[PDB]
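Below: one structure, written as structure tokens.
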Amino acid sequence: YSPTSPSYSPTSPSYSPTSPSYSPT
Amino acid sequence: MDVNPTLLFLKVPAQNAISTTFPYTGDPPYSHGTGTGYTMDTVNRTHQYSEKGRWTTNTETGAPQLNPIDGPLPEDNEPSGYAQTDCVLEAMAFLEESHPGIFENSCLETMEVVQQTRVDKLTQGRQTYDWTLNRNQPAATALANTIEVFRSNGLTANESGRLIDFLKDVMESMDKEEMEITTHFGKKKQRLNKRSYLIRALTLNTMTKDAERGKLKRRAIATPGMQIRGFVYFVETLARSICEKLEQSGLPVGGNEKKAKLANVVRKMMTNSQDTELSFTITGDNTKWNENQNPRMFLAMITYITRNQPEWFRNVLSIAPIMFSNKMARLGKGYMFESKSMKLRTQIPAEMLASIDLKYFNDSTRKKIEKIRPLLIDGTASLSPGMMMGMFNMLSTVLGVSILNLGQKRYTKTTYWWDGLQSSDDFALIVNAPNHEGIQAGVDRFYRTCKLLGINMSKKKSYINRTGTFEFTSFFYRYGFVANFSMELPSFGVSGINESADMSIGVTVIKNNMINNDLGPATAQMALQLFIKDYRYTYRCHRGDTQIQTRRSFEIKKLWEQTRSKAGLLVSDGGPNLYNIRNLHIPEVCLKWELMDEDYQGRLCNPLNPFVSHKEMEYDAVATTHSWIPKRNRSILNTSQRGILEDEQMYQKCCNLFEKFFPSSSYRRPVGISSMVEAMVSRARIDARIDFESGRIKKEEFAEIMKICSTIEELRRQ
Amino acid sequence: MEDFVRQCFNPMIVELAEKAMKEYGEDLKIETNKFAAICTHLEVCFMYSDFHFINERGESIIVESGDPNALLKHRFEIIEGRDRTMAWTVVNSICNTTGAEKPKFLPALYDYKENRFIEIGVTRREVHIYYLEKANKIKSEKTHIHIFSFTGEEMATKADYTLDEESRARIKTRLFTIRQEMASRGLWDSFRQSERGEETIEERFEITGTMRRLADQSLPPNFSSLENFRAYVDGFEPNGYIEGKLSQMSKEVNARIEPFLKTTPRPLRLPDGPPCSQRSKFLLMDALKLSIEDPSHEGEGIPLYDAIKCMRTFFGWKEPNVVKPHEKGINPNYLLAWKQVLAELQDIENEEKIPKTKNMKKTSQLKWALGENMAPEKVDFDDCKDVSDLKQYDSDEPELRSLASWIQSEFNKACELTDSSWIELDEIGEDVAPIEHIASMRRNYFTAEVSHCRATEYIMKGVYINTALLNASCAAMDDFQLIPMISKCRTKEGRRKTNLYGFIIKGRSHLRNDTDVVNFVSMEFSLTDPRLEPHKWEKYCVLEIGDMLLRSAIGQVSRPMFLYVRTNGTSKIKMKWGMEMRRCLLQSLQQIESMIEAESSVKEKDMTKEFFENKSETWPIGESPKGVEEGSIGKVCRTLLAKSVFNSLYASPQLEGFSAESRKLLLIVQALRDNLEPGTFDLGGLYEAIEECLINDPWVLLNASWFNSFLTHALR
Amino acid sequence: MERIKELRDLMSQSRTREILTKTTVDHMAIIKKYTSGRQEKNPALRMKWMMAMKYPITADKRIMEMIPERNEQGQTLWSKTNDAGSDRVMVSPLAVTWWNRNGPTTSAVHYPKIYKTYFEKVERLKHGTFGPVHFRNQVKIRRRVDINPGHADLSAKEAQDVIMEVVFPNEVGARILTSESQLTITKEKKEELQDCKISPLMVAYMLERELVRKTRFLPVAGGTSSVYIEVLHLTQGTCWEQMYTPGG
RNA sequence: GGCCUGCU
RNA sequence: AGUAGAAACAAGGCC
């Protein structure tokens, strides 16, 4: 089971403010 | 969207989701200092609910006292302590009439108990104020000091071993011309005149209450001395005997029996009513319960209960309210000061509040001191006209049950009638009538009668609604009791006794909550997983496979590597967790017995190991090396009471030797009044005699042991 | 008459008789005759026992005095005058070893050669009646009975007097002499007529002296003595006193029922003042994380090494400078503290091995920030008495503060579903019973719906921070440690990660009571500029340390990075209840389980699957401009978990008081909504009690706002 | 024999003699419980705060000679510092695990006998058979039940008397058994313990646990047999139910 | 500086 | 400064 919140907005925010990417990874 | 948890009650009835509104996950409020700011407030308020009472001056303690009983009837809804003796006796007499023979049987049972009880029973108590050090000492230490002083000062009737004999000693002490004690500071002899000792025997020690849920303002809780403990014990025994025979008294039983009684009452009232009759359940609550139960009413009740009983029993029961009516409430630690400019702080003992100037305090503490000063005597305040905290909950519940009974439609003489269940400080009353004005009249009658008996209903925490939904001491009821799980939440963590004890206690708590508070299977499994996680994180006993680095991980890993059947190690030694919803009632070590290695099994439960403490909520435990006991704080060493540790060492040595002589001393408390040496010598002589008669002991050993006993007796007699 | 008993007998006999009387509880002062009788019986039995020593075979030497031997072999073993416990112990021991039948009552002596007991008594009544009472008392008597009356009459069973007649004559002479002395005194008749009541014991507890003088002052006002009060109560009979006083009482004392209607309740009166500010021990919404993929679990690894490795991933460090001063502090001190922490991290990195814990140098910056030497010196009141500014410790009501908009946004963000897995629970015993399988399925659902919530991230952060602080303050009670914040999670693809929010620098932590304070300057990363909600960051000292280059849906954005430095404190009880923060999961999941089971009871089949997957029946949670917005069971679970987590984080007395006083009103409203016709005696008092708790706590203010919204939506 | 030698050595000193002579047998309980360390108000907090320290456990003096000063690595297992008010020395949990992995062995073959109730419980659970789970409303009525699976039909006082007679024949005191059933069970127990090497106290505690009958107030619905009430948490739920047949 | 205490 | 809320901590006792 994979949770899916209708308010997900998985594409709404351009980046997660708390857990960003910064690093080239 | 603004998430709003409280909006969930638009659909889920409040009772069902009531667990949401219990913030029992954060640290409870803790008193941050001295309880002398609340004790003075309690004294002032107790004297303010009874100010119209009749002042006087005790002629023995020499302190002012207030006597509100039979005072003017209250004229406003404000709290009133003016209990009427005639009304109290009417309530008790009607209670006896409705339940014939309750008081006679209760008195018989209590007479047996008081004739049978031993002095050792006073040890099974919490902190008590010992009058020989003016500090709080455990019950056993205070009792030992009191008995030592009594023996030193000529009182020795308590050596018989019965509690009533110790009470006789206590009473004979107050007549002693001048007591003396030998407290240390190399020790000094401090002599207390009659009045000083009497004031010290009646004094109550007050400390602030900690870890209180559901209140914004801290309270004050008091602990009684050691002279008043026995009389309170006997009175409480009588009150419990009476309450156990009352269907409407919920105090002397557990939670589930409270549920049963309350459900029975609701079924009896609501169902038996015809269609036309209405019903209304009052989920009320009494305000300032302690500050209005005048001990003189308890004396009236105790005298009415003990009618037609032997005079000695009547006196020994009545002595408790007589001592509580003259109690002095020791203030407390005393305030503390500071100097912002000079950058320093000072501590002033509460004793010098009577003499200290009022230029230091606030605008509120100054008023409190100004008002409490007249009552102070030698650093303690007279607190006659009320109680401090409980200590008579059973008898107060008897009074509440009497007032509830007083409306059985045989004493109401009217269409409306009421009954319910009473638990000290909390009641649920179920009114019936043929019309709404009938319910109004019934509620007014109940309120006025309670006011006469000296107990006030709180009008800011009581509502009346059609029968069905109601609440009672946090047992919500919606057409059948609903289990709120947030009250038992604090119990889930590791209790903190030791490893095996913690495992047993946690699994037992999970099982019990599954039984009572309707904890579901999946939630029980998640609680089990979280408890195991917390237990490992607290005892550093991780699974071993993990690369955790802790002070204990090295040899947990070593033991894991050594073992063959790794699925048998105790969770305390890094083994796997094998519990589930079906194994919660089986102690752990008994669970993994089949999976254990012979070597590990032998090492684990080895009686020779030096960790087991020979034993000490009922948690099912199995003796094991993981039953060690934690250390003590060792904070006494700095203080002047260093010598007490030597006393403990010597007492433990002597008691261990006695245990060696008498096998049953550990199991059942040893009775008898022969000195310890004489008992030991007599046992040795008889043992040698029987062994020589038929056994291993021969003539040489018999002669040696007999001569050793003879020289021991000679040393004793010196 | 005490002189007779004290003189005519030996000191040891009177001493042990005193011990016996004290044992039974009597007082020799009153029952002197009983004392004399006990002493006489003891002397009789002792004279019976003494001067008898058996030997190898069945015979005795019966010496007169002072003739001991190595072959003691006492012919008699006295049982009387040993105390009840010791007497019964010896009786049971001898009965067990011999195997005889234990006498029901305590005998006097024992015979070893013959292996039987002997009972001896002294009687003032007729001898035959006493002897037959003794015989019938001893059921199935295998024990010899002997009776010695003062007048000289003797009797026994079968007349088997197994004793030397010289001993009998000696005891007869002793009794005759005692009778002569008693007759000379004149108490002999009293002894003869007093034997009837000696066996029975009556308790003689009484009140006299000071106790009686206190009892005479502890009665209703109109009574003078305790005896008069007892006489009045005993003669009391009910005559309508209650019904007589009810009418006499004023009619203003009533319990008028005020009906509670849809219009009665009113919105709670939230306080007014400056907006409230953050008070949690770590940033919740504005918490950056410098992560590095690492195959480690939970506690594996050295926290310092993990922290430095995470720090060595972000390459945008700049020279720190203050961008939102503290308004009350020495902010340059905060800047130097951060500089020192960074230098110390470089130092530890340069070292060969990584110490488990690092103790910071005691510099002025940490000394001020951690409040060292701040406490006034303790002094006695004798000399610090005339000080001009000496007062009582400031104890005043907390400063009032109003509700801000940030707490609602934080609670919103603390309910969303993240894309990680913040909780990884160990295995459980293998399931066998079908209940275990159903529970496992439902638990998979729950732990999936709760492991991804951000409230669980806050739970884990709090647990780790409090555990680390407690362990460090219990060991290094005199050095400034450096405790980096760490948290580990599984990404959406299962890869493990470790995170680094910031650093903590514990101060001196000599905690004695479970309320003392250990100050720890908390340094935290963040990406949110403080110049947007300045009223919220009242107690921090934000600095600008670096400039990240994050990748978004647009690509590189290059936002600046900030460091929220602040001092703070936590006690030994807050640390414990923060370490125990995992019960929030239990609370929320128990509520959700209750709801699901309640629904599934009606429909005879499990309902969890469609509840969590079909997006079936939904609950009203939240409030949008369009009205109340429904939410699925997943969102209800997450919202309840977030509520519990915030209760744990923002705990305070105000919350407890408000929760209770508002549960009362909530139950009243629910009773109204069920058409139960509620009714209140004093609603205004309840409202005033509720409004007294809302003072300055952001969480309590937010809860009051929710309650006002619920009252608006309910009853309408 | 050594008992009297130790008594003589103890009374040789002044304070020990004074305590020995003044105190009577009745005051033994008070003297045993005489201690300055008060009970923990918050055991959980103290335990969580104590395991952080070194040597949070107290063990008998014999640890000094039974367990080395330090293990292989060199972590101290015990410290000569004495406890507050006893001769017990302070040790760390490393000591407990060191005992478990290296301590003297022993034959625990008698352990199942001493704790026979718990192993009988496991035996019942192991041989139990389950059935289908039914979702249906449960009328959880509250009544008093018996929680002891094998109660021997004896009151607490009567059970205590039986235990004292079985394990402490000499200390039985004035009490004499009356019911023939008591005598029969006493003989049955005495025959099977004619030679048992475990301490008398453990035997007494075991007999007390497996003879005294216990009753508790539970919300049971279906069952009430002591065997069924044992697993009440597994066959009774708010909405679900299960058929369970304990092994027997 | 040294000793002692982290509920006394 | 900071925690905290009707009173406290921000180390205490002794040589």
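Residue names in the structure tokens use chain letters A, B, ... in the order shown, residue numbers from 1 in each chain, and ligand numbers from 1 in the order shown.
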Within 8 Å of chain C, which residues of chain D show up? Give each one with its shortest atom-to-atom distance in Å (one decimal) and the two atoms involved, counting only C-alpha atoms, rows by chain then rising residue number, as a Markdown table.
| residue | atom | partner | partner_atom | distance |
| --- | --- | --- | --- | --- |
| D:45 | CA | C:576 | CA | 6.2 |
| D:48 | CA | C:576 | CA | 7.6 |
| D:49 | CA | C:474 | CA | 7.1 |
| D:52 | CA | C:471 | CA | 5.7 |
| D:53 | CA | C:475 | CA | 6.5 |
| D:130 | CA | C:433 | CA | 6.3 |
| D:131 | CA | C:434 | CA | 7.6 |
| D:132 | CA | C:434 | CA | 6.9 |
| D:133 | CA | C:434 | CA | 6.5 |
| D:135 | CA | C:604 | CA | 5.4 |
| D:136 | CA | C:601 | CA | 5.7 |
| D:137 | CA | C:601 | CA | 5.9 |
| D:169 | CA | C:92 | CA | 7.6 |
| D:170 | CA | C:92 | CA | 5.2 |
| D:171 | CA | C:89 | CA | 5.8 |
| D:172 | CA | C:92 | CA | 7.6 |
| D:173 | CA | C:88 | CA | 5.3 |
| D:174 | CA | C:88 | CA | 6.2 |
| D:234 | CA | C:435 | CA | 7.8 |
| D:238 | CA | C:597 | CA | 7.1 |
| D:239 | CA | C:601 | CA | 5.0 |
| D:240 | CA | C:601 | CA | 7.7 |
| D:242 | CA | C:435 | CA | 7.7 |
For chain E against chain D, with a cut-off of 10 Å and counting only C-alpha atoms (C1' of nucleotides), what is the closest atom pair and its distance in Å to one decimal for every residue that makes the cut, ordered by chain and number, as JSON lines?
{"residue": "E:6", "atom": "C1'", "partner": "D:49", "partner_atom": "CA", "distance": 9.8}
{"residue": "E:7", "atom": "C1'", "partner": "D:40", "partner_atom": "CA", "distance": 7.7}
{"residue": "E:8", "atom": "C1'", "partner": "D:37", "partner_atom": "CA", "distance": 8.4}
Same residues, N, CA, C and O atoms (P, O5', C5', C4', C3', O3' and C1' of nucleotides), output as a PDB file, in the first residue's frame:
ATOM      1  P     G E   6      25.046  10.800  43.110  1.00  0.00           P
ATOM      2  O5'   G E   6      24.092  11.957  42.580  1.00  0.00           O
ATOM      3  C5'   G E   6      22.738  12.033  43.009  1.00  0.00           C
ATOM      4  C4'   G E   6      21.924  12.924  42.109  1.00  0.00           C
ATOM      5  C3'   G E   6      21.731  12.395  40.694  1.00  0.00           C
ATOM      6  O3'   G E   6      20.437  12.756  40.227  1.00  0.00           O
ATOM      7  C1'   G E   6      22.833  14.480  40.607  1.00  0.00           C
ATOM      8  P     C E   7      19.158  11.934  40.736  1.00  0.00           P
ATOM      9  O5'   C E   7      18.181  13.056  41.300  1.00  0.00           O
ATOM     10  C5'   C E   7      18.383  13.611  42.589  1.00  0.00           C
ATOM     11  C4'   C E   7      17.077  13.984  43.239  1.00  0.00           C
ATOM     12  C3'   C E   7      17.063  13.950  44.759  1.00  0.00           C
ATOM     13  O3'   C E   7      17.580  15.138  45.332  1.00  0.00           O
ATOM     14  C1'   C E   7      15.154  12.829  43.911  1.00  0.00           C
ATOM     15  P     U E   8      18.979  15.127  46.120  1.00  0.00           P
ATOM     16  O5'   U E   8      18.556  15.179  47.654  1.00  0.00           O
ATOM     17  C5'   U E   8      17.868  16.306  48.190  1.00  0.00           C
ATOM     18  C4'   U E   8      17.720  16.201  49.688  1.00  0.00           C
ATOM     19  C3'   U E   8      19.028  16.037  50.456  1.00  0.00           C
ATOM     20  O3'   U E   8      18.916  16.641  51.743  1.00  0.00           O
ATOM     21  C1'   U E   8      17.684  14.121  50.775  1.00  0.00           C
TER      22        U E   8
END
Within 7 Å of residue D:226 using only C-alpha atoms (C1' of nucleotides), minus same-chain residues under 6 positions, as a list in words | residues 146, 147, 148 and 149 of chain D
Save the residues we just selected, C-alpha atoms, as an mmCIF file, in the first residue's frame?
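Result saved to selection.cif:
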data_model
loop_
_atom_site.group_PDB
_atom_site.id
_atom_site.type_symbol
_atom_site.label_atom_id
_atom_site.label_comp_id
_atom_site.auth_asym_id
_atom_site.auth_seq_id
_atom_site.Cartn_x
_atom_site.Cartn_y
_atom_site.Cartn_z
ATOM 1 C CA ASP D 146 -11.036 -16.791 37.922
ATOM 2 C CA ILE D 147 -7.628 -16.002 36.443
ATOM 3 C CA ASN D 148 -5.716 -18.904 38.026
ATOM 4 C CA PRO D 149 -5.975 -21.886 35.633
#
Please build the interface table for chain C against chain A with a cut-off of 9 Å, listing for each qualifying residue the nearest atom pair and the distance in Å to one decimal; count only C-alpha atoms, order rows by chain and increasing number, and write it as CSV.
residue,atom,partner,partner_atom,distance
C:285,CA,A:18,CA,7.6
C:286,CA,A:18,CA,6.5
C:287,CA,A:18,CA,5.5
C:288,CA,A:18,CA,4.6
C:289,CA,A:19,CA,5.8
C:290,CA,A:19,CA,8.0
C:291,CA,A:19,CA,8.4
C:313,CA,A:23,CA,6.8
C:314,CA,A:23,CA,6.6
C:315,CA,A:23,CA,8.6
C:416,CA,A:8,CA,7.9
C:417,CA,A:5,CA,7.1
C:444,CA,A:1,CA,7.8
C:445,CA,A:1,CA,6.5
C:448,CA,A:1,CA,6.8
C:449,CA,A:3,CA,5.8
C:452,CA,A:3,CA,8.1
C:526,CA,A:18,CA,7.6
C:527,CA,A:17,CA,6.9
C:528,CA,A:17,CA,8.2
C:548,CA,A:22,CA,6.0
C:549,CA,A:22,CA,5.1
C:550,CA,A:22,CA,3.9
C:551,CA,A:21,CA,6.1
C:552,CA,A:14,CA,4.9
C:553,CA,A:14,CA,4.8
C:554,CA,A:14,CA,7.1
C:555,CA,A:14,CA,8.8
C:556,CA,A:22,CA,8.8
C:558,CA,A:22,CA,8.8
C:612,CA,A:3,CA,8.4
C:613,CA,A:1,CA,8.0
C:632,CA,A:5,CA,8.5
C:634,CA,A:3,CA,7.8
C:635,CA,A:5,CA,7.5
DSSP on the backbone: what in stretch 19-169 of chain D comes out helix (DSSP H, G or I), as a ChimeraX atom specification?
-> /D:19-22,28-33,43-50,63-66,93-102,111-114,116-126,156-167
Just the residues within 7 Å of residue D:24, please, counting only C-alpha atoms (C1' of nucleotides), with nothing from its chain fewer than 4 positions along; format it as a PyMOL selection string.
-> chain B and resi 673-676
Selected residues written out, C-alpha atoms, as a compact mmCIF listing (two decimals), in the first residue's frame:
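selection.txt was written with the following content:
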# COMPACT_ATOMS: atom_id res chain seq x y z
CA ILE B 673 8.12 -10.57 72.09
CA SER B 674 11.31 -12.33 73.17
CA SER B 675 14.52 -10.43 72.51
CA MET B 676 16.37 -11.50 69.38
Select from chain B every residue with an atom at most 6 Å from any atom of chain C, then for each give the shortest pair of atoms and their distance in Å to one decimal, using only C-alpha atoms, rows by chain and rising number, as CSV.
residue,atom,partner,partner_atom,distance
B:1,CA,C:624,CA,4.7
B:2,CA,C:622,CA,5.1
B:3,CA,C:622,CA,3.7
B:4,CA,C:622,CA,4.2
B:7,CA,C:710,CA,5.6
B:8,CA,C:620,CA,5.5
B:23,CA,C:647,CA,5.9
B:25,CA,C:648,CA,5.2
B:26,CA,C:648,CA,4.2
B:27,CA,C:577,CA,5.4
B:29,CA,C:653,CA,5.5
B:69,CA,C:220,CA,5.7
B:75,CA,C:250,CA,5.7
B:76,CA,C:253,CA,5.7
B:77,CA,C:253,CA,5.5
B:87,CA,C:242,CA,5.1
B:90,CA,C:238,CA,5.6
B:160,CA,C:23,CA,4.9
B:214,CA,C:656,CA,4.9
B:215,CA,C:657,CA,4.9
B:216,CA,C:657,CA,4.9
B:296,CA,C:219,CA,6.0
B:312,CA,C:205,CA,4.9
B:322,CA,C:215,CA,5.5
B:337,CA,C:392,CA,4.4
B:338,CA,C:390,CA,5.9
B:339,CA,C:390,CA,4.9
B:343,CA,C:376,CA,5.1
B:344,CA,C:376,CA,4.2
B:345,CA,C:378,CA,5.1
B:346,CA,C:379,CA,5.1
B:360,CA,C:391,CA,4.5
B:361,CA,C:392,CA,5.3
B:444,CA,C:255,CA,5.2
B:459,CA,C:681,CA,5.2
B:460,CA,C:682,CA,5.0
B:463,CA,C:680,CA,4.5
B:464,CA,C:679,CA,4.8
B:465,CA,C:678,CA,4.1
B:466,CA,C:676,CA,4.9
B:521,CA,C:439,CA,5.3
B:522,CA,C:439,CA,4.4
B:523,CA,C:590,CA,5.8
B:547,CA,C:300,CA,5.6
B:548,CA,C:300,CA,4.7
B:578,CA,C:429,CA,4.1
B:579,CA,C:429,CA,4.9
B:580,CA,C:429,CA,5.1
B:672,CA,C:85,CA,5.7
Test item: residues at most 7 Å from stretch 40-55 of chain B, only C-alpha atoms (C1' of nucleotides), excluding those fewer than 3 positions along its chain, as a list in words = residues 36, 37, 65, 66, 67, 68, 71, 79, 80, 81, 82, 291, 331, 368, 372, 383, 385 and 386 of chain B
Dump of C-alpha atoms for the selected residues, as an mmCIF file, in the first residue's frame:
data_model
loop_
_atom_site.group_PDB
_atom_site.id
_atom_site.type_symbol
_atom_site.label_atom_id
_atom_site.label_comp_id
_atom_site.auth_asym_id
_atom_site.auth_seq_id
_atom_site.Cartn_x
_atom_site.Cartn_y
_atom_site.Cartn_z
ATOM 1 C CA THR B 36 4.429 27.495 51.312
ATOM 2 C CA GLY B 37 2.595 29.823 48.939
ATOM 3 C CA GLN B 65 -9.535 27.298 66.499
ATOM 4 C CA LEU B 66 -12.684 27.697 64.416
ATOM 5 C CA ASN B 67 -15.937 25.793 64.986
ATOM 6 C CA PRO B 68 -18.358 26.256 62.065
ATOM 7 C CA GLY B 71 -23.378 27.703 62.152
ATOM 8 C CA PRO B 79 -19.083 27.586 49.303
ATOM 9 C CA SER B 80 -20.172 27.063 52.905
ATOM 10 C CA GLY B 81 -18.622 24.875 55.578
ATOM 11 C CA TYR B 82 -21.508 25.309 58.021
ATOM 12 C CA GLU B 291 -11.993 22.558 52.683
ATOM 13 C CA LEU B 331 3.781 25.787 56.463
ATOM 14 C CA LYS B 368 -1.515 36.242 52.654
ATOM 15 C CA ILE B 372 -2.394 34.021 58.211
ATOM 16 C CA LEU B 383 -6.138 24.433 60.524
ATOM 17 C CA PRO B 385 -12.086 23.835 60.361
ATOM 18 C CA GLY B 386 -11.178 21.648 57.378
#
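With only C-alpha atoms (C1' of nucleotides) as the atoms that count, the residue of B:697, B:486, B:16, B:632 with the shortest distance to chain E is B:632.
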If you count only C-alpha atoms (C1' of nucleotides), which residues fall within 7 Å of stretch 33-36 of chain C, apart from same-chain ones fewer than 4 positions away, as a PDB file with N, CA, C and O atoms, in the first residue's frame?
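The file below, out_21.pdb, is the result:
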ATOM      1  N   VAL C   5       4.470 -10.144  95.291  1.00  0.00           N
ATOM      2  CA  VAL C   5       4.879 -10.857  94.087  1.00  0.00           C
ATOM      3  C   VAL C   5       6.345 -10.581  93.776  1.00  0.00           C
ATOM      4  O   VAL C   5       7.065 -11.460  93.288  1.00  0.00           O
ATOM      5  N   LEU C  28      -0.022  -5.161  84.850  1.00  0.00           N
ATOM      6  CA  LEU C  28       0.106  -5.692  86.201  1.00  0.00           C
ATOM      7  C   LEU C  28      -0.482  -4.754  87.245  1.00  0.00           C
ATOM      8  O   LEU C  28      -0.879  -5.217  88.319  1.00  0.00           O
ATOM      9  N   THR C  40       3.204 -17.880  90.265  1.00  0.00           N
ATOM     10  CA  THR C  40       3.087 -19.126  91.014  1.00  0.00           C
ATOM     11  C   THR C  40       3.105 -20.334  90.086  1.00  0.00           C
ATOM     12  O   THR C  40       3.778 -21.333  90.367  1.00  0.00           O
ATOM     13  N   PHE C 191      -7.918 -13.856  96.029  1.00  0.00           N
ATOM     14  CA  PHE C 191      -7.395 -14.789  95.038  1.00  0.00           C
ATOM     15  C   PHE C 191      -8.363 -15.941  94.803  1.00  0.00           C
ATOM     16  O   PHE C 191      -8.575 -16.361  93.660  1.00  0.00           O
ATOM     17  N   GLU C 198      -9.918 -14.563  85.525  1.00  0.00           N
ATOM     18  CA  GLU C 198      -8.522 -14.444  85.114  1.00  0.00           C
ATOM     19  C   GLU C 198      -8.319 -14.909  83.677  1.00  0.00           C
ATOM     20  O   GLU C 198      -7.491 -14.347  82.950  1.00  0.00           O
TER      21      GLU C 198
END
Using atom CA of residue B:421 and atom CA of residue B:248 as the two end points, give the distance in Å to one decimal.
->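 Atom-to-atom, atom CA of residue B:421 and atom CA of residue B:248 are spaced 4.7 Å apart.
Atom CA of residue D:120 lies 22.7 Å from atom CA of residue D:218.
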Exercise: residue E:5 partners within 9 Å, only C-alpha atoms (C1' of nucleotides), chain neighbours under 5 positions left out, as number ranges by chain | B: 633-638; C: 512; F: 12
Point-to-point distance from atom CA of residue C:41 to atom CA of residue B:162, Å rounded to tenths =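 Pair atom CA of residue C:41 / atom CA of residue B:162 returns 25.4 Å.
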Where does DSSP see strand (DSSP E) in stretch 104-333 of chain C, if you list the residues as a PyMOL selection string?
-> chain C and resi 109-111+116-123+144-149+154-156+258-259+292-293+317-322
